[PDB]
């Protein structure tokens, strides 16, 4: 049982996904991601289910490559609503995306709490995820 998995479209794997995983590991956390890549066809709920069974939290990278998979509102609302051990466990991070793109392809996400790599450095993101982990697992 580990700390975070990172679900992502393939286009984000070698850049923000790898960099975020590295930074979390350098902060004592166990983080995996490769098998949580989402390809056209893959089931978002199944991927999240596999991840949350092994890890405390799922990070989901909300990039254009992600939202253009045309997930349904239910798929997306269920994702952000997931709870485990008595708290929210899915952490969306907007990445190289416009609000207009979110509203076009994934409008249910437009209002849901998320980090945003245009506003938050990797260090800022790590500090936020640390604080959450500390508040829940100690």
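Positions refer to the first chain, counted from 1.
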query	finding
Residue range whose averaged C-alpha B-factor is higher in the record, 42-50 or 23-31	42-50
Residue range whose averaged C-alpha B-factor is higher in the record, 80-88 or 60-68	80-88
Residue of maximum C-alpha B factor among 55, 97, 113, 103, per deposited coordinates	113
Position of residue 1 among the chain's modelled residues by C-alpha B-factor, lowest, middle or highest third	highest
